[PDB]
Structure formats: C-alpha cells, structure tokens
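Reading through the structure tokens given below for one structure.
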Amino acid sequence: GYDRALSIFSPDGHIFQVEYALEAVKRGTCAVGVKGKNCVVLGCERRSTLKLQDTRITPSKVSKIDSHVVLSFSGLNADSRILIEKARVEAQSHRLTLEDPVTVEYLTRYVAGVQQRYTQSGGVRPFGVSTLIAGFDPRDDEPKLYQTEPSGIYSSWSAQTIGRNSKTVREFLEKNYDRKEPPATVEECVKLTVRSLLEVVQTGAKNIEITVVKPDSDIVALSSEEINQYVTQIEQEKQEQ
Amino acid sequence: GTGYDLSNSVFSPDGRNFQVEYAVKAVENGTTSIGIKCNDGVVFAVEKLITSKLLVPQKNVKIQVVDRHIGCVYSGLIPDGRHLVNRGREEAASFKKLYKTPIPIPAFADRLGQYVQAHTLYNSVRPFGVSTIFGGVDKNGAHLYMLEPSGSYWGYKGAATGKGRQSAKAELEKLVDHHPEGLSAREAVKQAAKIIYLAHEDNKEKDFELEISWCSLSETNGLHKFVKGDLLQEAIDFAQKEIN
Amino acid sequence: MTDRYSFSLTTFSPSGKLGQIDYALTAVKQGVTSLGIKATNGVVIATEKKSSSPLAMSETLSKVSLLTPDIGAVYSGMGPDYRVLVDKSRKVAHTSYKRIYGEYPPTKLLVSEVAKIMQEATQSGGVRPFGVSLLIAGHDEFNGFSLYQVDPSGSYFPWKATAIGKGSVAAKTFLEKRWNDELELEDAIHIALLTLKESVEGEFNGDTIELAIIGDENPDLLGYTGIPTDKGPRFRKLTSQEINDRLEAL
Amino acid sequence: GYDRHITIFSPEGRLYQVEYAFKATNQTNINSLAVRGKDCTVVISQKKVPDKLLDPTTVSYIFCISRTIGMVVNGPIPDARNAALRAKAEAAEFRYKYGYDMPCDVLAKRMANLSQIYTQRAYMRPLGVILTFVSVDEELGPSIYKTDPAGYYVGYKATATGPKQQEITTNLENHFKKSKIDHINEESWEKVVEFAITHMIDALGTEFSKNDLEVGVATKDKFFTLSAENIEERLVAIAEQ
Amino acid sequence: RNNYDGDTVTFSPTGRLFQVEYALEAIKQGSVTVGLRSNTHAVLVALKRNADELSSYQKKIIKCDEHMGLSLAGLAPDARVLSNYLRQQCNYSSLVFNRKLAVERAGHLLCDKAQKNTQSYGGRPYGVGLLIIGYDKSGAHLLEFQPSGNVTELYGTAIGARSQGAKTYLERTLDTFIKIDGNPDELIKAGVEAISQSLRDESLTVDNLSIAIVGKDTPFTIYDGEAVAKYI
Amino acid sequence: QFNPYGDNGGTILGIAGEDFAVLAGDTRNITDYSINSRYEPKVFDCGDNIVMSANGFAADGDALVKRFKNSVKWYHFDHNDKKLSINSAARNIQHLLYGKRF
Amino acid sequence: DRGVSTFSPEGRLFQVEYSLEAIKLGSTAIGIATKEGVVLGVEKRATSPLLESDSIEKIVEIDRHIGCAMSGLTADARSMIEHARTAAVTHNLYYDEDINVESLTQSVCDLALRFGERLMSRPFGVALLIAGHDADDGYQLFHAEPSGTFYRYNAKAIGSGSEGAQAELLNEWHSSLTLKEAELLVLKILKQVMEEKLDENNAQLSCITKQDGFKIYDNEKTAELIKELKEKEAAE
Amino acid sequence: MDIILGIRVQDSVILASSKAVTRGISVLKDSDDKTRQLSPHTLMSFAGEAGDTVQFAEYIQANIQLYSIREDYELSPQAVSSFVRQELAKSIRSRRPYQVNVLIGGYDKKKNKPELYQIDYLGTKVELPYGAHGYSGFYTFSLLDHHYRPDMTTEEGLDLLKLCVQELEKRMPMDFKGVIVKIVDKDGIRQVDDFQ
Amino acid sequence: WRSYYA
Amino acid sequence: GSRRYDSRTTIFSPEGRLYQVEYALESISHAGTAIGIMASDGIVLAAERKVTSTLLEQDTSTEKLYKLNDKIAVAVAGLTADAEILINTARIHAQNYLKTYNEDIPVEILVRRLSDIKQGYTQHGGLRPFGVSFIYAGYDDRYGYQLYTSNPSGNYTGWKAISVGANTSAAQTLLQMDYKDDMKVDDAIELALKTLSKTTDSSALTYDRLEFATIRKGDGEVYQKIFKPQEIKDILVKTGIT
Ligand SMILES: [Cl-]
Ligand SMILES: [Cl-]
Ligand SMILES: [Cl-]
Ligand SMILES: [Mg+2]
C-alpha cells in the first residue's frame, strides 16, 4: 500500500502538484467550444509537427460519452482516457439505475469529482487534463457547455477554450460572442469556432477537427473537405479592403 | 553519526545503532530504580520524585505486576514502560493458556527482550525509552533481570538504572560483600531503602517518595506484593540511621 | 513493523540510466570469472571455486547447480543472491511447468522465468536488483542444446560461448578465436579449461575448478529401471578426478 | 548518499549496511573456534563477565538449537537471541513437516537464506552476528557450518570467529597443513575439547581460567554444554602435558 | 533540532522526542483551566476563550459518565477524540461488568492510548492537556493528562497559558482546601480564586466562566452562564 | 441441535391516557412448566420519561432494553443532553430491531 | 519534505496552517443571524465574461432547515456537503426528527481531521458558514475551519475581504436586527470589499427561516434589494 | 412457462414473446414486453425466474451499449451472443445463478445475414434457424420442422409464426395473453403491432 | 493572535 | 521513517512534465532503432540490435520483434526485459478477448489496454515507469492494416510510417521525404532498410544486426513472417546494401 501524500499544501497556501497539473494543460493542443441557439460545437487543434500520422486511427480529441454528450480536452492524452472511460461507464450506470440519461451538468460534476479526488487521495497525482463537456439534456433543446480543470472545479460557458494559446483564443471569443444574439445557425456556429482556432493554428485544415452536437443525440464530426471549406472564405473575407 | 543517526535500523560505519544509544540517554535521565535478589526472592525499589507538594502521596504507583509472581520496574519514558509491561502481561497469559504453568522467569525475560529487540529492526519504530528491572520466583528459584533499549538483558545479583545508577551500583557491589553468604528477603528490603536514599543525593534539589515491592518464596508465598505499612517504615527508618 | 517501502528503489536518472542496475552489473564484474561453451552434442559451464579460507571445505559449496535434470546454472557476482535464485528457479520449474504439463520446462522458458524474477527486483517496491549474472545451459527435445546469459536487468541472450565476471572481456576474445560450429563436447571441455587458465593465477586443478556438462542421458544416474521412456539426466557435474585427467592431457 | 543507510548498491557495487553489520559482530570482543573430532564436534568461546553484579550462569553465546544442533553466536546478544529463536523454530517445524531431524547444514542454508533477504529488502537491517552451527550429522558426520550478515555460509574443517580470528585461523591452518586430515584424529570428546582449548591459548597467547571459557560438544546422541567443573577438569589435563 | 523532529519515531542525540515537545506547546497556548479536590468532591474551573466580540465561547468541560469528566486546554478536536474514547471505556465497564470505571483506570487507559502515538510512524501526538475528576470507590480524584502519555494524580493543578498563577496558589492554599469536605459551594469558590490568579487584562464573566463538580452523592454536572453567576 | 431461542412466558400491557400512559406486566418468569422467579421485573424505566418492555425470550428481551438504554445515553452525549422524544425513540427501536432482521 | 501530520515547533500542524492561507484567497462570504432568520451571501467573482455566472454555486442547501456557504478551494467542499447532507438525512432516518444545527456542524468538522499517512492525504482547502434553525437553539450561524474547530457567530465574514468586513460587522450588528436589515447589510459589506461593481450577477443572497426553510434568492429579488440599498445610501 | 419464440427467415429474425405476467393466482399484466434492445441491430428476449430475468437482460444491455460507445462500433450478433453465454456460464457456478433463458436475434450488418441464437441459464448456446425456450418448443417444433424454408420471406415467417401461436392457444393449459412480435433486419428493430 | 486553542 | 528514501516517481515538474516519463524516454533514445512502414498491402517492421558479438547466437535470438498474436506484432525499443512483462500481458489480453467474444481482438483495443497499463504506472502506486516504446503492426477486418506507437507516458498514436529509439528525429525526417501513400510492400521494405543504413551509429548495416518482419496478405487470410538470419542477408543484397 503506497499512500504517500503527493498533493499537499505549501506555505503560501498553494497545492503545487495541482498547479503543475494545470501547467500540463497549458502545454496541450488548443480546444474550444461555442454555444449556438440550437447547437454546440467543439473544435480541437492537431499538432502539425507530425506529418506522417494516420488520421483514420489516431484517437480523436472529441469523445462521445453517451449518444447525446461529448468531451474534449487539453493536456496529457493518457490521463484523458481514464476520465473518458470513468465517464462513459457512469453514463451507462445512470441509464440503468434511473432509466434516464445523464444531464450535461451531472456528467460534468461526475468527471470533476474524479479530478478532485485525485488531489486529496494518497498515492496518486492530479490529472493533467482539462475538459470541455457538451451536449443537450435528454428531451431538451437548450445547449449546454461546461469546463473542468485538474483542481476539480467546473463551470458553464457560452464559449470557452483551453490549452496552449487559449488566452489569445479567449480574447477573440470575448470580442466576438454576443451573449444576447448567439450564433443562430449551425453553419455559422462552426464558422465562429474555426475562426477562433485560426487565430492560433494558421497552417492547414487537416490540423483542425470540428464536431457538431445537436439536440436529440445528433452528433457528427466534419471531414477535411467540410472543414477546409470553412478555412476558405474565412481566409477570403480576411483579404478585403 | 554523519547522517547515520536519523533512522532507527541503521548501522553506522563502526557497527552502532545511534538511535538506540539516544534512547539510553532517555533512560539515564530517568528516575533511579533497583532490584536486589535474595536467597529466596527479589526486592524492587524505585525513587518517586515529588515534583510538587501537589502530587498525592502514596498514589502514583510505579511498580507494575505481571501475572501473580513477576514484578517490573523501569526508568525513563514511563508510558513506554507501561507499554512493554502490557506486552509482557499478554505474553504471560499466552504462555500460561497453552502450557498451564505460570511463565518461568527466564522464559519471561526473553519474551520481553525479543520484543524490545524487535523495536531495533525497522526505521518505522523507535527503541524503547526505558530500562526494566524484573524478576520473580519460579519452579526453581528466584531470578532478577534487567533489560536495555537495545534489547540486551542478563540476570543479575542486583541491578540499578537511571540518574542514580552509579551510586546504586556502587552500593550494591558493597552489598554483595558483608552479607555474601546470602541476603534475606527482609534485609534486602532494608538495604533497598538504603540504596534508594543514597542514590537520591543526585536529585537532592527535589524531595522523593520511596516505593518497595518484593516477591519472596517464604515471606510472600512466591507472590509479588508491595511492601507497605509497618515493614515499609522499618526500612525507611533503617535508611535514615544507616546514612549517618 | 511492516514493509513500509511501497515505492520503487530503482528509478531513471536524468541521463536515462537505471542506476541500481548499473551498480549491480559492477558487482557482477568484480565476481569470479565463469563461462559456457556450446558444442554440437553438449554444453559446458565452468568456473573457479576460489575458496575464502583453507579451513573451508570446498565441496560443501557448489557454484554449478542442477536446475532440472536437463538444465544447469553457473554464475558470477554475489553468491548468496545466486543461491536464492537457484531455489526460486527450481521451484518455478515445477509450479509453473511440471505441475501443468508433466514435462520439465525447456531451457528458454525456464531462463525466461528467471529473467522475470530478476526484472521484478528492478521495479517492485522496496528491493534492490539481484547482483549476479547467470549462465544457464541445458537441453530439451525440440530445441536441442542451448546456452543463455541472464543479467541483473532481466535481459537474456543466447550464446555459442561466452564468459562473465572478472576476466570476461579477455576470455570472450579467447573463445571467439577457438570456437567453431563443429566442436564435439570433449573439444569444448578442453577449450573451457584453457580459457579458464588465464583468468586463474593461483593453483588450477580439479579441487579449485567446477565444471559441468549438458550431454548424453546418463541412465545410470536415474535411480530406477523399467520405464523405458525415462532416459535419465543430461546434466552432470564432473568429478575432481575427471577434471585432472583432462588437465594432464591439456 | 542514502546508499549508506539502507541495503541498496553503491556506485561501487557494494552494500555498506552489510559491511557495517559485519563490523558490529566484533562489538563483543569475544573469540570462538570450532573443530571436528572423529565422532564429535567442539566449539569453544571466550566468556567475559566484567560486572560483579551479573549472574555468570545467565551469560552465554552458546545456544542449543535442537537436540543435535548447537549454535554459537559472534555478536551482540539481542541480535544473537533473535537468531537463536528463529533457528529453534525452524528446526522444530522441519521435524514436524518432514519427519527427520533438521541437519546442521540445512539449518545453515535456511538461516543464510533469511540473511540474504535482509540484504535485498530495504525495510530490514541485517543482524550484527555470525552464526556457527555444529552437530554430528546422521549423514554427514561431524559438521561445522557458519553464516554471516551477507547471507554467505559454508562448511569448515575447523573455523574461528571474532576480533582475533586471524591468529586462531593461521594457528589451525598450520596444524591441518601438518596433519593432512580434515579433523582431530582423537576418539574422546574430552581430548578434542582439550585440543581446542590448547590451540586457543597458543594462538591468543593467554592462559584460561575455568570461568574464562564456555564449551560446547556435539556427539551422535546430543549436543551439550560443559560446566565450570567439566572445564576445570579439562584445564587440569592440559597442564599435565 | 531540525534533524530530529520530523516524526515521533526519532530520538534526539540527548534523548528528547521533539514532536511530543512541540505537542506540549499547543497546550501552553490553550486557555487556563484548574482542577482541585477535597476528600468528598472534585472541581473543574475553566476560562473559555472566544474569537470575536461576535463569536461564542469554546467549551472546555466534557462529561464522560455520571461520575467522571475532564476539562481541556489545547487542540479541541483532539480532546473530542480522547474524551470520546474515555466515554467508551466508562460505558464498556458499565455494560460488561456492571462496574463504574475507576478514575485510576481511566488514567491508565488514557496514558496507553496516547503512548501509541509516540511510537507510531505516520501518526502524531495528541495536542491537548486534560484535567480529569471523578468519584469512585476510593473517593475523590484529580488526574493531569499530558500528550506525552504521562497521567498524574494530584490534589490540584492548572494547565494552559498563564497556568503558573493558579498552580502556585494551589501549592500555597493546599492544606486548606483538601479539608473542604461536605461543602461544595465553598470548594468551587476555592477553585474560582485559583483560576483568578491567572488572568491578565481580563475579568471572569458569565460568558467566559465554566465550572464542573462531582463527588459522593453529587454526579458530575457542568455550570455555564447564569448558573455560574453565584460565584463572581 | 442447538436451539438459540427460548420462551420465558410473560404478558405485558400498555395504555395511553390523555395526560398519562401506563405499561404493566406480570412479574413471573417461566421455562416450560417450571417457575424461574415469581418477581423478575420486565418493565423498565429508560430515562427521558420512556418506559420499555420486551416480552418473550428474556435474554433477547434484556439485550434489547440494555441496548436502547445505551442509545439514550449516547443520544445525550451526541446532541447536547436533548430529551429523547417518544416518537424518536420509537423510530430508533425500529432500527435496533431491524438491524437483526435475519 | 516532512510529514503531513507534523507539528511545528510552535505547536501548530503545518498542513493545517498552510491550508488556512488558501482560505484567505477565497471569494468573500458573509452570514448574519437575526431572530427572523439567517442570511448567507457570496461574491461570485466570475473569471471571464463568457462564464455563465449561474453555474457558480457557493451557497448550497444541506437540509430544509440548514444552509451552507463556502470560501476557499471550493472543489474541496463537494464531499463535505455530501457528507453533511447524508448526516442530515441519516439522522432523520434514525430518529424521525430534524438534525440539530450544531450536531451537523460537529459532524462536518469530524471529517476535517481524518487525513494523514488517515484516508485523505491533506486537509480541506475550504471554510464553511453553516446557517440554520432548529427548535432547541433557534437561528444559528456557525464557522467551520479545516482545523476541525468551529465557532458560533452572530455574524461572520470569511475570505478575501474578511479581515476588514468583520470589523464592519462588529460595529453594525445588534441583536434586534431584522431580516431585511441583515439582507442589505450583507449587500453593503460585500459591495465595499469586492473589486467589481456589485450587481445581481456577481453576488448572491439566500437565507434560512423556520417557516420557509432555506432559499437561495433569485436574481430578480437580489437586484430589487441592491437598488433599495443604493438608495438608502444616497439618502446619506 | 412463458413463451419465447424465434424464427430466422431470409432477410430478418422474428421474436415472438408471451405478454402475460402471472404471480400465483392472479394475472398481473397482459402487456409485458419480454425484450431488451441490445443495440440498433440486436434484440434479446428472455424468460425465467422473477427478478433475475430483467436484471440480467438490462445488465447485458448496459454492457453492450458501453462497448458501442467505446469503440464507436456495433458488435456483431455472433460476438454479443458469445459475451452473453460467457456471463451465464460464469453465473451457473456462482452463489445465486441467474435463472434466465434468452433468445438473441440480430442482423449482422457486415455479413448481411440475420442470425438467431438460443442460450439457456446454463450457458448452453446453439445457432438455430428457429428456437424456443421451455415447453414452447414442444408444441411448435413440429410445425416449424414442416413449413420452414431457409428462403422464407418476412411475411411467410409471420404466417408460420401465427400458426405456431394458434397451436399454443389450443393445447397449452395457460392463458399467456398473446405475444408481442418484433422483426430485426438491415434497418433495425420494429414491432409488428397488429398480430392477430 | 491564536483562537485555535480551547 | 521510510518516507526519507521515496523517489516520488509519479509527480509533476514545475513545467507540468512527468520526470520519470521524460527520463525513461531519454533512456529509450539510446536503444536500437526500430521502424514501421504501412503499405497498401502489408506492413514492414525492421529494427537494429544494440547487442552484437561473433559468438552471440542469432538463429534463436529475439530482442526487438515479438509476436503478440497471429495478426499483431510489436517492435520494441527500450529495456528489453520491461518489454517482455508488458508483452505477455498483451498476449493474454488478446486471448481473453477471443474467449469472450469469439473474434480476434481489434488492433486498437489491444494497443489501448497495453498503453492504459503504462499510464497507470505514471499516476499511482509509486513505481517506476516501464522503459519501453512499442511500434504495433496489425491487421483487423475493420480498419485493415494499422500501425501504432506507445511510449512510457501511456500515450499512443497511429502512423503511416514511424520510428522509435535512437536517431528518431533523423529517421522520421527521412521517412517524411520518401514515403508515398501508394507504396507497395517491397517498396516499403527497402525504404526501411535504407533509413536504417543512413541513421545507424554503426559501420555498415549487416544481417547480423537486424530483425525483420512483414505482415502481408497471404489463401484469403493474413500471414505474419519474421525473417530468419539468412532471409535478412538476402533482402540486404536484393536492395543493394551488401
Ligand atoms: Cl483514488
Ligand atoms: Cl525478490
Ligand atoms: Cl454567540
Ligand atoms: Mg503488469
């Protein structure tokens, strides 16, 4: 039984192992989510330092938890699997014992609880991961979007981004998202998402992935052709005096 | 040691276990306590420093009994002593439960020792902060024993440990010359009071209260009893006389 | 009063070195030379019984050890470690093979098992690696003769011949010279005594040399007769006399 | 570095804690030697009682392990009695489980194997003692087997242990070089005890009183220890030759 | 000291166990409390401490049975633990043996419970001091518990910050109050004076004064607030 | 076979008035056809103005009362000497009993 | 790196005392006791404007008669709440009665010290205002710290503003205060110590009364209360 | 003795399952769907001891659904029936074994073949063109042996099934309150809502 | 100062 | 007590990197290079032995290429004994999956479980990571030929061609140039052999310093071939390196 306390307080009241876990997130690819009026979109970046990777089979950064809920993340990939599994299992347990799928908040509160437990249990280190969890409550049309962090804290967001250069992307979103009039179309919500990744990706559209989640378990990821189609026009409306 | 004295089970480069030696310092700093073996039993005596006139006299007993025939006294960290005695009490019951006969004194000695030595084996425990004087009458005699934090123990004619150990040992070696053909249970009680008084002159700053117990095949029927009442005063007196 | 050492005592250093394995190997290097040679119809393993007092009785101590009736082991490094590894190896050869298949394990698999025992001392909580290298030599029906080396890391490799311990780099070169794929067992026994002769500076005779072979089946060592498919053991330790007889003819 | 404190390797490939454990075996300043007779085995050891307050009869480093195995300990008494109990235990269990008396060499292997362990598991220290086991074995004849804190053990024509090990050893080496045999060719154990006490004196350069020694004998039937009087008888005889 | 005080399983080169000593320092920071006894009763007087003008006053006295109780000075959480264990022993003795737990035996049981946390790796000593009073078959009793494990029987004492004031007073008035038999109101007054000798820029009020009494035919009961008006 | 249950007889009665309540039982304790005692009280005062009786197998009956009484003692220790409402006791005894459901 | 249960040379447990520092950085929270009920308020303090400030829950119900406000590492509070709610429901299952406010506080504090190497690895990084009503000691407000200790306060403020905000309460609090007086007074003190202009979106009110139990005020109600307070002030 | 019938025609698999739930003396319900959908193309019916029956089924359900989300892929029917047999084969030597029998009917969207599997509480599994559990086989197997053709249409199967259900209504002492019928084909799982 | 002591 | 000697093996650096994972990767960088290249019709695994002597027997020697399963194989780079531990658990997992579902384990599921195990040694239990990196070459009737890599962190990803061990930044750059999606198996074979000869820290590339294996379409099934010493010498002449 190895139970040494790895997350402890230091004299100024910090918990360095949790804070250093946040540093793991900062080093991770950028992830972003945007709420529409009738949908939610999650976008992630693909590191472009690796040109020879099979994209058929490399695990995507957006994961289905249940047929109505998705989770993306920035941070250590391997850590992400543990959270994603725990969450997929819990959703199925919820369906069993309540005869109802999880609310987007509930599944989030669950993931965050696991993340928190790893910050005050002997023998374990915090998760180097932050998540964006999105979807629609069952039999409900109001889109939902939440964020969790290694500390266990979670909250909801009209739009939000995490990972390397999220300060930039958040500025962009903060100066492009009208709470009072949120993107009224799927097509233009995905537009606002690609745009914000282009502040920090540049490069190609095979280094972006987009996923559209719509009410009543309607989840689809776009293809390079679909995504590049948004790269152009975005880069064209640019060049315009 | 040069790093070699921060954990317990660690050998220094000349073969020592400093953590045990540091425990001995705790024993040496303790109250003085003795045992005198006689021709048919053992006497135990101990010094009770009266820290303050607020301590109730007669009322902080220090000598502990094990089973019905074994007496124990210790110097140093008192709660450590109580701990060991408890283990001894368990160990004597286990032995009697299986073998029926109450535990022979040498058998008891090694039960304690094995346990104390056990506490020098791992850096997750510290040595016992006590030296213990114990003995009794068994199927073939009286036996006195003293047991050190290292776990070492041997059988003694008389033994002492604590702050006044040196005065005590000196007076006990004398006691073995004059009264060498043998020392009777009753004289050993008297001589015990003498030795505690003489030993108390270190710690002369504070007053003290004498406490004696014995276990004599003829005077207690082989059972451990506390010397109280008249026989005690007779010894307190014999001490006052013989120090001048 | 319980094993409160739940954590690895062997970790990666910033350079990528697994320190305690490195040091364990060092301990092997200090150990007496031991060597093995594979021939077409036998394998031989030899080492020096350098006694630690003329009052010690060298026969009471074997560096060469029978693992199965067809497999032998010799070592270089910390003897007491080798000893408890021979116990572990003999037991595993039963619990994890004989009790399941009714056969003794074949050489590679037993070697594989010993490796796992050492690999684990490289990663489990609160323990140091083993401080020995092993040369295991033996024979099974489907793989023939074989010779293996197993290191404190848990790595093993199969050899035509090799040596470990003190004058190993020297002796390795000596064996590379004299070894072909046509040696008979008697030929290799010769080369072994010769290769051992340089790594040894004092007296060199059948009382200071240990040498055993995996060869023909010795039905005379079986102990019982009447089961014709039981052929008897291929491992055999040479006698003190049997060594000298070849030492004169050297 | 911490490799001086627990039983792990030094960059030299060494176990300092095993080495420092050896140094503690001499902490008693007591010498011992054992030799084999025609049909007995004798171990002799110094007996030093410096405190007038000690009961000399309770002071010994010779333990009767089984009816046939005697064990002499070179080292501090607490570790020595710890070792003795474990051997007494191992020998009673061996008899129960297997139906014969545990042989001297076998007990040595078993204790040396336990010894090895404390050099490999970090949570236990070696014992600061060297164990000399002697018997007249029913298969091997008179036997001497000795184990140390390194986990090493072997058998000896004769042996000696302690601070003046070397003087005694070179003494006995000379005698066995001249006699050319592996034992004292004497048929009485009383004579063999004398031989031992003799060559002890000639090698330490000191005479012995009947209270300076402690003597143990193993015959086919049993292993027993000699009294002060059985010793004085021995000493008298040595003086008449 | 630095090298010898990171746990309770390390001796100092001079024989001390710093972790236990640092534990005693918590007691000295606690608020003063006094115990004293005659031949017929035993009394606790305690000075309760508050945080603000707006906060309550931390309780200092705890009933353990109908015949036994203690006052605490130091880490209040730890006293809860120890007083809970003491209530359990009192209760076991009552249930299994139909026998009230002798005060001496409570002391012994307490000492041994605490001693476990000076030989235990990964544990800590208790950070609290306890004054225990009770009436059993051998009369009135007062015990002083220290986190070292040492439990001591006295006629009187006081522990906590500025405790020396009350202590010296009790050593002075000793022969007087031991004889206060069969007059509880007069023994409490004796205790209230003793604790008074330990104030510094503070006067006893109904909100900060707390008093407990037990003895022959008077079960352990606690007075706070208006109940303690009588004695100021 | 060892049968862990017995029957010590007894009859008990409890009546609730407007400002009062009574609980009564005979004081005879039996085994088979023998009398164990002609006065062994079975109706007990538990404090906080609760009287209790557990009639039938008397060892079990005593055990239950003993354990409820302890429940009261610890209720006080754990809730500032608050009186134990009869209705609250009733709930607590349900749990005491159902703990041994099997 | 010493051990988590270690005592300092001044008699304090390091990890507990470091834990108290983290609490000082937490968003502010205030509770006030009045013979008409008890008021809990919190600084929400959203980080970005995209953060939906409704999902910021620093006031939670424990039972119908017991509410709780938190300040510090708030993620550490989830399981203290879960235990508290379970103690409230369990006590009712066992005794067919509501749990006492102090008894539930005592239960929460018993978790605080269960760490070492001893299930949890470190103390909690969060403090609690626990406000409630029971029929033995009426309205009550309690302050629970990761030290395991707790005090009953007539009013108490924890977090960033605490040091100053508390001195404010010592002057403004009196026993004949009314529920509405303490509502405004909580809004007032919060507005002074927050860094943003207080509005019905970065601050939250709620109370506990015998008749209506524990409610968290909806934005509408709080806003209509913020205005009324701006006006009483301009009326100098 | 509830009725668990299954027949695999050429393009689909048909499960017919008795609707009645009788506890002792009363018939508690006449509309009980003894089915769980294990995935879009796999349907399992079940009969046996009271609580065991649904517990096992929904347990198997949740497990296949979890596998589906994790691999974003729908396990073949052969693969599901193997996981199901394994669970029961584990159960039978457990403390309280599940006392459930099941039919598993699925469309193998990869082989484009319908498949019907029969598994009893012991973990006995057989691949069959038609199957039943309990006494139901005793009246219906002679009908099915006769009129069954491997190339029957879904409508022919339904007609043959109607025949089987009518013989059960004639000769079986229990009123089982009719059946619910479900079809599994390339397009998923639909319930024939007007069956006689 | 310190009010963490009773 | 013993807390004095714990190298905390599962902690974060102030930059948010996992010390022992980084140090273990440093270790792996000194191991013989292994390469995997995926063609339209097969997969090629080639690796370099760091252990070389005249007397070393190579007919019966394995150090880098291991069969997990009839349709999956691994190339190993790192502590070869750590590899065997992880390998045998993987060989089991494939057999467990077959027992449960009566279908061969899909390549990715096996890769995930092996990587999940590594990730565990990274987050709890206080043990050291496995100093191992894997290239997985497998075929399944759902994604066809697949190529993967996992390392001590427990992260895994899929590749068209990839390298592990020594000189990977060099080798990966050579592969990025000359790899074309429409390559055939024999093209891939020689791309791999030619990448090693350009990055080897050795004199020349000789058969006695290679292991080599191909997974190709066989029969309507998939054959898995681990070249014998002689077959390697041949392919080295055929492509012209000898
Ligand atoms: Cl956990
Ligand atoms: Cl091991
Ligand atoms: Cl108050
Ligand atoms: Mg494993």
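Following the order of the structure tokens, chains are lettered A, B, ..., residues in each are numbered from 1, and ligands are numbered from 1.
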
Within 12 Å of ligand 3, which residues of chain G show up? Give each one with its shortest atom-to-atom distance in Å (one decimal) and the two atoms involved, counting only C-alpha atoms and all ligand atoms, rows by chain then rising residue number, as CSV.
```
residue,atom,partner,partner_atom_place_in_ligand_line,distance
G:32,CA,ligand 3,1 (Cl),11.4
G:33,CA,ligand 3,1 (Cl),9.5
G:34,CA,ligand 3,1 (Cl),11.5
G:137,CA,ligand 3,1 (Cl),11.0
G:139,CA,ligand 3,1 (Cl),10.8
G:140,CA,ligand 3,1 (Cl),8.5
G:141,CA,ligand 3,1 (Cl),8.7
G:142,CA,ligand 3,1 (Cl),9.3
G:143,CA,ligand 3,1 (Cl),11.4
G:150,CA,ligand 3,1 (Cl),12.0
G:151,CA,ligand 3,1 (Cl),8.3
G:152,CA,ligand 3,1 (Cl),5.5
G:153,CA,ligand 3,1 (Cl),5.2
G:154,CA,ligand 3,1 (Cl),5.4
G:155,CA,ligand 3,1 (Cl),8.8
G:156,CA,ligand 3,1 (Cl),10.8
G:173,CA,ligand 3,1 (Cl),12.0
G:174,CA,ligand 3,1 (Cl),11.6
G:175,CA,ligand 3,1 (Cl),10.3
```

Worksheet item: Taking only C-alpha atoms and all ligand atoms into account, which residues are within 7 Å of ligand 4, as a list in words?
Response: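 With only C-alpha atoms and all ligand atoms and a cut-off of 7 Å, ligand 4 is contacted by residues 85, 86, 89 and 117 of chain J.
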
Practice prompt. Write down as a PyMOL selection string the residues belonging to stretch 71-186 of chain G that are assigned strand (DSSP E) by DSSP computed on the backbone.
Written response: chain G and resi 71-72+126-134+138-144+150-152+155-158

Item to complete: Dump the neighbourhood of ligand 2 as JSON, numbers by chain: all residues within 10 Å, distances computed on only C-alpha atoms and all ligand atoms.
Response: {"C": [81, 84, 85, 88, 117, 118, 119, 120, 121, 122, 124, 126, 127, 128, 129, 130], "D": [117, 120, 121]}

Practice prompt. Restrict the distance test to only C-alpha atoms, flag each residue of chain E within 6 Å of chain G, and return the flagged residues as a ChimeraX atom specification.
Written response: /E:6,22-23,25-26,54-56,122

Could you save the residues just selected, with N, CA, C and O atoms, as a short mmCIF file (atom, residue, chain, number, x, y, z; two decimals), in the first residue's frame?
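Just written: result-v6.cif:
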```
data_model
loop_
_atom_site.label_atom_id
_atom_site.label_comp_id
_atom_site.auth_asym_id
_atom_site.auth_seq_id
_atom_site.Cartn_x
_atom_site.Cartn_y
_atom_site.Cartn_z
N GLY E 6 11.10 15.48 12.70
CA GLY E 6 10.17 15.36 11.60
C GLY E 6 9.15 14.26 11.73
O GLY E 6 8.42 13.99 10.78
N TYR E 22 6.86 19.62 20.84
CA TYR E 22 6.09 20.61 20.09
C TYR E 22 4.60 20.43 20.37
O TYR E 22 3.83 21.39 20.34
N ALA E 23 4.18 19.21 20.69
CA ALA E 23 2.78 18.99 21.03
C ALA E 23 2.41 19.70 22.32
O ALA E 23 1.34 20.31 22.42
N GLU E 25 3.58 22.32 23.42
CA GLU E 25 3.48 23.75 23.21
C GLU E 25 2.06 24.17 22.86
O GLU E 25 1.66 25.29 23.18
N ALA E 26 1.29 23.29 22.20
CA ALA E 26 -0.10 23.65 21.92
C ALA E 26 -0.90 23.81 23.20
O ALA E 26 -1.79 24.66 23.27
N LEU E 54 -18.22 38.72 18.55
CA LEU E 54 -19.37 38.13 17.91
C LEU E 54 -19.41 36.61 18.01
O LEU E 54 -20.45 36.00 17.70
N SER E 55 -18.32 35.97 18.41
CA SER E 55 -18.27 34.52 18.44
C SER E 55 -18.67 34.02 19.82
O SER E 55 -18.67 34.76 20.80
N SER E 56 -18.97 32.74 19.88
CA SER E 56 -19.31 32.07 21.12
C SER E 56 -18.03 31.81 21.91
O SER E 56 -16.94 32.25 21.54
N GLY E 122 3.93 7.76 10.95
CA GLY E 122 2.76 8.27 10.27
C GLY E 122 1.69 8.88 11.17
O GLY E 122 0.78 9.54 10.65
#
```
